[PDB]
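Pasted below: start-v9.cif, mmCIF, C-alpha atoms.
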```
data_start
loop_
_atom_site.label_atom_id
_atom_site.label_comp_id
_atom_site.auth_asym_id
_atom_site.auth_seq_id
_atom_site.Cartn_x
_atom_site.Cartn_y
_atom_site.Cartn_z
CA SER M 19 81.44 64.55 105.69
CA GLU M 20 82.23 68.09 106.86
CA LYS M 21 82.29 69.47 103.29
CA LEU M 22 78.74 68.19 102.77
CA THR M 23 77.64 69.88 106.00
CA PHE M 24 79.23 73.08 104.68
CA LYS M 25 77.26 72.76 101.42
CA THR M 26 74.04 71.94 103.28
CA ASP M 27 74.33 74.93 105.66
CA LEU M 28 74.99 77.32 102.78
CA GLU M 29 72.09 75.98 100.71
CA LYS M 30 69.84 76.53 103.74
CA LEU M 31 71.00 80.16 104.00
CA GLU M 32 70.45 80.61 100.26
CA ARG M 33 66.94 79.16 100.38
CA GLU M 34 65.85 81.03 103.51
CA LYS M 35 67.35 84.42 102.60
CA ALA M 36 66.67 84.19 98.85
CA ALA M 37 70.41 84.57 98.25
CA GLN M 38 73.25 83.21 96.17
CA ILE M 39 76.46 82.64 98.15
CA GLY M 40 79.82 82.03 96.52
CA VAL M 41 82.69 80.98 98.74
CA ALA M 42 86.19 79.71 98.37
CA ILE M 43 88.58 78.85 101.18
CA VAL M 44 92.15 78.04 100.18
CA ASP M 45 95.44 77.35 101.95
CA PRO M 46 98.52 79.51 101.49
CA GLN M 47 99.49 77.72 98.25
CA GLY M 48 95.95 78.14 96.84
CA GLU M 49 94.89 74.54 97.34
CA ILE M 50 91.12 74.23 97.88
CA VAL M 51 89.97 73.63 101.44
CA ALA M 52 86.28 74.08 100.67
CA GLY M 53 83.93 76.08 98.44
CA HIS M 54 80.43 76.71 97.12
CA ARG M 55 79.53 78.12 93.73
CA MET M 56 83.33 78.59 93.41
CA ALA M 57 83.30 79.12 89.63
CA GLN M 58 80.20 81.32 89.41
CA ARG M 59 80.85 84.96 88.44
CA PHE M 60 80.10 87.69 90.96
CA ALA M 61 80.64 91.44 90.95
CA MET M 62 83.81 92.34 92.80
CA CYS M 63 82.53 95.66 94.01
CA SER M 64 84.90 97.28 96.52
CA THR M 65 86.72 93.94 97.06
CA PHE M 66 89.05 94.87 94.18
CA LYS M 67 90.57 97.70 96.22
CA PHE M 68 92.70 95.11 98.08
CA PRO M 69 94.25 93.88 94.79
CA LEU M 70 94.68 97.51 93.70
CA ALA M 71 96.71 98.22 96.83
CA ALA M 72 98.79 95.10 96.02
CA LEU M 73 99.35 96.42 92.52
CA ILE M 74 100.68 99.67 94.04
CA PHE M 75 102.96 97.82 96.48
CA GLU M 76 104.42 95.83 93.59
CA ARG M 77 105.36 99.10 91.82
CA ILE M 78 106.87 100.28 95.06
CA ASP M 79 108.74 96.97 95.41
CA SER M 80 110.00 97.28 91.81
CA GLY M 81 111.26 100.85 92.22
CA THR M 82 108.64 102.38 89.86
CA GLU M 83 106.62 104.18 92.58
CA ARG M 84 107.05 105.63 96.05
CA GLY M 85 104.51 105.65 98.84
CA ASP M 86 105.20 109.29 99.69
CA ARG M 87 104.68 110.64 96.17
CA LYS M 88 102.02 113.36 96.16
CA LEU M 89 99.05 112.79 93.90
CA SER M 90 97.41 116.16 93.22
CA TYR M 91 93.67 116.56 92.60
CA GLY M 92 90.71 118.93 92.54
CA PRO M 93 86.99 118.76 93.32
CA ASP M 94 86.32 116.58 90.26
CA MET M 95 87.94 113.62 92.10
CA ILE M 96 85.29 113.73 94.82
CA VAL M 97 82.67 111.03 94.22
CA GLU M 98 80.09 109.34 96.48
CA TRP M 99 81.82 107.91 99.55
CA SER M 100 85.15 109.72 99.57
CA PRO M 101 85.65 110.50 103.27
CA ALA M 102 89.42 110.86 103.23
CA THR M 103 89.64 112.36 99.75
CA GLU M 104 87.24 115.12 100.86
CA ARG M 105 89.26 115.86 104.01
CA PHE M 106 92.54 116.12 102.05
CA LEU M 107 91.10 118.15 99.17
CA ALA M 108 92.03 121.57 100.56
CA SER M 109 95.65 120.47 101.07
CA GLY M 110 95.66 119.64 97.36
CA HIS M 111 96.93 116.04 97.37
CA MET M 112 96.96 112.62 98.88
CA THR M 113 100.07 110.47 98.75
CA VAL M 114 100.18 107.08 97.05
CA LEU M 115 100.20 105.42 100.53
CA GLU M 116 97.45 107.61 101.97
CA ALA M 117 95.32 106.90 98.93
CA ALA M 118 96.00 103.14 99.06
CA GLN M 119 95.27 102.98 102.83
CA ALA M 120 92.02 104.94 102.44
CA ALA M 121 90.98 102.65 99.54
CA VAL M 122 91.54 99.54 101.61
CA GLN M 123 90.45 100.65 105.08
CA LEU M 124 87.62 103.09 104.37
CA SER M 125 86.64 101.89 100.90
CA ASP M 126 87.24 105.50 99.77
CA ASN M 127 86.09 105.80 96.14
CA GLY M 128 87.89 109.04 95.32
CA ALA M 129 91.14 107.52 96.65
CA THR M 130 90.55 104.41 94.60
CA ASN M 131 89.96 106.43 91.45
CA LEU M 132 93.05 108.58 92.11
CA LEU M 133 95.16 105.41 92.10
CA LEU M 134 93.41 104.10 88.93
CA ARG M 135 94.24 107.46 87.29
CA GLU M 136 97.90 107.01 88.16
CA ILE M 137 98.27 103.44 86.87
CA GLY M 138 96.50 103.93 83.55
CA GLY M 139 92.95 102.96 84.47
CA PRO M 140 91.00 99.71 84.83
CA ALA M 141 93.04 97.96 82.09
CA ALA M 142 96.10 98.20 84.39
CA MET M 143 94.24 96.48 87.23
CA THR M 144 93.29 93.64 84.94
CA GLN M 145 96.92 93.50 83.72
CA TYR M 146 98.09 92.96 87.28
CA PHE M 147 95.53 90.15 87.97
CA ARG M 148 96.95 88.39 84.87
CA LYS M 149 100.53 88.95 86.04
CA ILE M 150 99.88 87.15 89.36
CA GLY M 151 98.19 84.27 87.61
CA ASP M 152 94.49 85.30 87.82
CA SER M 153 92.94 84.73 84.45
CA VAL M 154 89.38 85.41 85.69
CA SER M 155 89.12 88.69 87.65
CA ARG M 156 88.56 91.76 85.46
CA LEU M 157 88.24 95.45 86.19
CA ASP M 158 86.42 97.38 83.48
CA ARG M 159 85.30 100.61 85.16
CA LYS M 160 86.14 103.03 87.94
CA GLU M 161 83.95 103.62 91.02
CA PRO M 162 81.13 103.94 91.60
CA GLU M 163 79.85 102.51 88.29
CA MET M 164 81.93 99.31 88.63
CA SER M 165 79.67 98.46 91.62
CA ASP M 166 76.46 98.49 89.49
CA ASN M 167 76.22 94.69 89.53
CA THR M 168 73.68 94.55 86.66
CA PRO M 169 72.47 90.95 86.26
CA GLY M 170 74.35 89.16 83.43
CA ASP M 171 76.99 91.88 83.06
CA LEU M 172 80.50 90.31 82.84
CA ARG M 173 82.24 93.61 83.58
CA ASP M 174 83.98 94.06 86.95
CA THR M 175 83.54 90.41 87.98
CA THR M 176 85.54 87.60 89.58
CA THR M 177 84.88 84.11 90.85
CA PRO M 178 85.31 83.04 94.48
CA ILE M 179 88.11 80.55 93.59
CA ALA M 180 89.98 83.09 91.38
CA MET M 181 89.82 85.81 94.04
CA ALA M 182 90.65 83.49 96.94
CA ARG M 183 93.78 82.36 95.11
CA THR M 184 94.66 86.00 94.31
CA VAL M 185 94.39 86.77 98.03
CA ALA M 186 96.65 83.85 98.85
CA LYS M 187 99.10 84.99 96.11
CA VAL M 188 99.33 88.44 97.67
CA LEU M 189 99.53 87.41 101.34
CA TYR M 190 101.35 84.05 101.17
CA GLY M 191 102.59 83.39 97.64
CA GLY M 192 105.47 85.86 97.44
CA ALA M 193 103.77 88.44 95.24
CA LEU M 194 105.11 91.30 97.41
CA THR M 195 108.23 91.80 99.50
CA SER M 196 108.14 90.86 103.15
CA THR M 197 107.70 94.49 104.20
CA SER M 198 104.96 95.28 101.69
CA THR M 199 103.15 92.03 102.52
CA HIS M 200 103.11 92.86 106.24
CA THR M 201 101.86 96.39 105.62
CA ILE M 202 98.88 95.26 103.56
CA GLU M 203 98.10 92.48 106.05
CA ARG M 204 97.85 94.99 108.93
CA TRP M 205 95.67 97.24 106.75
CA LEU M 206 93.27 94.31 106.23
CA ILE M 207 93.23 93.62 109.99
CA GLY M 208 92.63 97.28 110.88
CA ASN M 209 89.95 97.76 108.15
CA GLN M 210 87.19 100.06 109.42
CA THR M 211 84.33 98.58 107.34
CA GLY M 212 84.26 94.88 108.17
CA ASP M 213 83.14 94.78 111.80
CA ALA M 214 79.63 93.37 111.01
CA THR M 215 80.56 90.99 108.19
CA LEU M 216 82.83 87.92 108.08
CA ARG M 217 84.86 88.72 111.18
CA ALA M 218 81.56 88.99 113.11
CA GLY M 219 81.01 85.30 112.42
CA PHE M 220 84.54 84.04 113.10
CA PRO M 221 85.82 83.14 116.57
CA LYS M 222 87.17 86.18 118.38
CA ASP M 223 90.56 84.48 118.88
CA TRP M 224 91.13 84.07 115.10
CA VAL M 225 93.35 86.67 113.48
CA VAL M 226 91.30 88.05 110.57
CA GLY M 227 91.69 90.78 108.00
CA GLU M 228 89.42 91.49 105.09
CA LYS M 229 88.08 93.93 102.49
CA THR M 230 84.31 94.36 102.18
CA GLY M 231 82.23 95.28 99.14
CA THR M 232 78.70 96.55 98.62
CA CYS M 233 77.05 96.38 95.19
CA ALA M 234 73.81 97.71 93.84
CA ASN M 235 71.27 94.92 93.24
CA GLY M 236 71.95 93.23 96.58
CA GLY M 237 75.67 92.51 96.43
CA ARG M 238 77.59 92.10 99.66
CA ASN M 239 81.11 90.63 99.65
CA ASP M 240 84.05 90.13 101.98
CA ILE M 241 87.49 88.81 101.00
CA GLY M 242 90.56 88.23 103.08
CA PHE M 243 92.46 85.88 105.39
CA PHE M 244 92.17 84.15 108.71
CA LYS M 245 94.55 82.32 111.02
CA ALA M 246 93.06 79.66 113.26
CA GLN M 247 94.37 76.46 114.88
CA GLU M 248 98.53 77.68 113.59
CA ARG M 249 96.94 77.37 110.15
CA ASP M 250 96.61 80.19 107.59
CA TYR M 251 93.73 80.47 105.12
CA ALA M 252 92.58 82.83 102.40
CA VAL M 253 88.88 83.25 101.79
CA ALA M 254 86.62 84.99 99.32
CA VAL M 255 82.88 85.41 99.92
CA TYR M 256 80.48 86.93 97.41
CA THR M 257 76.74 87.10 98.06
CA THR M 258 73.71 88.47 96.16
CA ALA M 259 70.47 89.02 98.10
CA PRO M 260 68.27 91.56 96.21
CA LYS M 261 65.39 91.55 98.71
CA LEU M 262 67.35 91.66 101.98
CA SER M 263 67.97 94.91 103.83
CA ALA M 264 71.52 96.22 104.11
CA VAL M 265 71.72 95.09 107.76
CA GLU M 266 70.34 91.67 106.76
CA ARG M 267 73.04 91.28 104.12
CA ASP M 268 75.74 91.98 106.75
CA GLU M 269 74.08 89.31 108.92
CA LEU M 270 74.12 86.93 105.93
CA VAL M 271 77.85 87.35 105.48
CA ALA M 272 78.48 86.93 109.24
CA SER M 273 76.42 83.75 109.07
CA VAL M 274 78.57 82.50 106.20
CA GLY M 275 81.54 83.16 108.54
CA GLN M 276 79.87 80.96 111.18
CA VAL M 277 79.42 78.18 108.57
CA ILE M 278 83.06 78.54 107.52
CA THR M 279 84.08 78.31 111.20
CA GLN M 280 82.25 75.02 111.66
CA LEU M 281 83.90 73.63 108.49
CA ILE M 282 87.43 74.61 109.66
CA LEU M 283 86.88 73.33 113.19
CA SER M 284 85.85 69.97 111.63
CA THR M 285 88.86 69.76 109.25
CA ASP M 286 91.58 67.38 110.52
CA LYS M 287 95.07 68.82 110.98
#
```

Target encoding structure tokens, full file:
Amino acid sequence: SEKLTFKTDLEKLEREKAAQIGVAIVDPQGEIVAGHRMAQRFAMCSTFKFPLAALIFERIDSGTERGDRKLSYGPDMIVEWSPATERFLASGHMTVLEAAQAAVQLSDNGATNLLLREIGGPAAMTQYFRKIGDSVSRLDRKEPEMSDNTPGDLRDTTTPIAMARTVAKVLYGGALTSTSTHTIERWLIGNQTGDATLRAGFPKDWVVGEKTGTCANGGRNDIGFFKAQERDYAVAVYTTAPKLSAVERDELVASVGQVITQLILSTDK
């Protein structure tokens, strides 16, 4: 019955906020716990920066990259929303690790694009999704254009179920070494951009980490993990609410987190 309540609650949010809400919750092996519009395409927006960091950690794990390697750049790398990149510009570089951390924790666009430059562009991000068994998620463009979220555009999209399982792959499914996995987990927990989204709607005793995304045309997303009740979960939430304000879209995602909470609390262990 609890899965029907979940569906009913989300439909009520969609109706009342004029929104479309895609959700997938999976266990550590990627088995479905619950979902809504799980196979509908949504723009990834900044949510892909978590997988990009994973991509980088895999290179590190395989001996093809080091975290301390200096990536040089000039003023042409500065793009809208590049807080760290702008601070490090005079010094002349950011390291692989600094860039990756800024990408994940600040959503820094310049840092993101510096990493894309290094790995051979958006095609290499897509290549990595394929390699960890995600046939759906696709990166086509750098930031900020990838965040355009033009209706009907298949570029730079995922589905909630594909992305949730990619999260689970990265955090639980052995995609990265123990040490790399732990590092990225703590980055998700200490994210500086998620305080008003999903983790605002989860119980304060749950351990949560996530990566947010904001799209043009009313996109607001949050992907990550939570640990309740001894039990680990991966979650992906994508919403589109063209007429809401930015604060209202954060509230919408927090509300989704409340609806998720009620579902998990009503799921037998």

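With the shown file loaded, the PyMOL selection byres ((chain M and resi 276) around 12) picks out residues 24, 27, 28, 31, 215, 216, 217, 218, 219, 220, 221, 222, 269, 270, 271, 272, 273, 274, 275, 277, 278, 279, 280, 281, 282 and 283 of chain M.
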
For residue 107 (chain M), which residue among M:92, M:120, M:152, M:177 is the nearest when counting all atoms listed in the file? M:92

Pick from M:246, M:39, M:52, M:154, whichever lies nearest to residue 21 (chain M) using only C-alpha atoms: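 Checking each of M:246, M:39, M:52, M:154 against residue 21 (chain M), counting only C-alpha atoms, the winner is M:52.
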
Given the PyMOL selection byres ((chain M and resi 225-237) around 9) and the file above, list the residues it selects as a PyMOL selection string. chain M and resi 37+60-68+122-123+125+164-169+203-209+211-212+215-217+220-224+238-246+253+256-264+267

Which residue, M:143, M:102, M:202, M:254, has the smallest gap to residue 129 (chain M) when you use all atoms listed in the file? M:102

Residue with the minimum atom-to-atom distance to residue 137 (chain M), picked from M:124, M:150, M:74, M:252 with only C-alpha atoms counted, is M:74

Using the chain letters and numbers from the file, give me the residues hit by the PyMOL selection byres ((chain M and resi 149) around 12), as a PyMOL selection string. chain M and resi 69+72-73+76+142-148+150-155+184+187-188+193

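Computed from the coordinates, the CA of residue 77 (chain M) to CA of residue 194 (chain M) distance equals 9.6 Å.
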